[PDB]
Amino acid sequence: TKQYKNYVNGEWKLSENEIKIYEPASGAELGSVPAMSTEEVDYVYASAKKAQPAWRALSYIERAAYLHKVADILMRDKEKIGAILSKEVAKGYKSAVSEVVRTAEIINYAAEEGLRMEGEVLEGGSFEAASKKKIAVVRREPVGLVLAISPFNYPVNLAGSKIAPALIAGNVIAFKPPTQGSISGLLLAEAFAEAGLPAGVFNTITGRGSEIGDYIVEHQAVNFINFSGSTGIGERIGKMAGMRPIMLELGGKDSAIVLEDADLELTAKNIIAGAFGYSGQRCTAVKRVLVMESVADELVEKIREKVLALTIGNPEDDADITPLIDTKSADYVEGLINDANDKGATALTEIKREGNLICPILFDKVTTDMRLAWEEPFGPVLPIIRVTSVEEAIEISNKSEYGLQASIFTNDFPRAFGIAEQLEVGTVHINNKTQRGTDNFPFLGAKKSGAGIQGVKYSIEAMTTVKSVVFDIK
């Protein structure tokens, strides 16, 4: 199979050791990626630090052009990359091409968003008369070397969301894709190589996150860690980061609160699309329904039928439900199913597993006593929790240690907004499924779902500090 290579200091490098990658759906070998040594990781960081000063010396418009070029290249090769991305993560071919497309759209937007960066002028006379002739010219500077780490489910899209914002501001990148998804990650790297950015400005790292994961995060050459993945790992990175700045996008368990005055048809469709997209292997997705009892039977009946219409199959055919990322992930999901079942939950759709392809399951009658009501499944299993008041839904919703997003289905806006203030999440969508949707929009999670505010504009702000030059006027 093809031995992929990391892009280091303008050169493609193999490592003495490698990691073989297999297709989650077919099981066929896709290729191998390098299993870097600490020494090699040192070389990557040393290269990026050396290239930083000259990268920062360039003009904003110059750096923007480089990023636009990468986007253009990605668009040109969107089908070649999608073909392999689809295979590497058992993701539908079309959505795979979609991820590549969104990645280009984000890179472009971040490029133009970051070149308009401005500074401020503050008046000393605002705080004290004696200082009225003193002013502060405050401009933005990069934080230095940014370590970007993406997730298996969006190894490219959630790579660009970090890389472009970091680069437009004059930062340099060390990109570490998920092992399962590193080929797609290195394919993204090829685009940066061809755009011709100076050597060391963009570099990749590959190896098992469990073998060099800590080493790359603890390394003192790194000035900022931008991460997406499980909460468990996020916590660890939080500590290893020390006092250095970070950005974390972690686990989710988005609740969809359904009131009595909700358009039940619109709620059912939105929940279906949000809950079962990518077989529930999505971070920001409806993972629990908190519906007022008087409307529960009707809502559940609607959701049941819609689940039956979902297509089940191979990513090749763009099936709604494809095989899960791996065996363990599927075993884990079966565990949640067993627990809900043993404790009384009602499965309204067939419980079936063929390999790692689990059929879409609708669990009604789920209670706060079942694991499924709290733990993030990352499988096609949607639990329905019947409540008796808005107050109860909020309690249950906030009880979760997760707070990425929430949906409120109601026709009483003012109340919706009031409820929104109470929910401990980053974003609340009214009468719509949750979604990172519209990358210029802020994206964040409360509690253990993250740290920092994402969304293009915010990402750029997050990976820059300020340099204040003060002087008195004569």
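The numbering used is simple: start at 1 and walk along the sequence shown.
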Of 97-105 and 346-354, the one with larger mean CA B-factor: 346-354
Per the entry, higher mean C-alpha B factor between 406-414 and 422-430: 406-414
Among 275, 136, 266, 149 - the residue whose C-alpha B-factor is largest in the record: 266
Options 442, 53, 27, 34 - largest CA temperature factor per the record: 27
Modelled-residue ranking by C-alpha temperature factor, third containing residue 68: middle
Third assignment of residue 3 from its chain's C-alpha B-factors: highest
Third of the chain, ranked by Cα B-factor, where residue 469 sits: lowest
Chain thirds of CA B-factor: placement of residue 329: middle
Residue 163 CA temperature factor, ranked by third within the chain: lowest
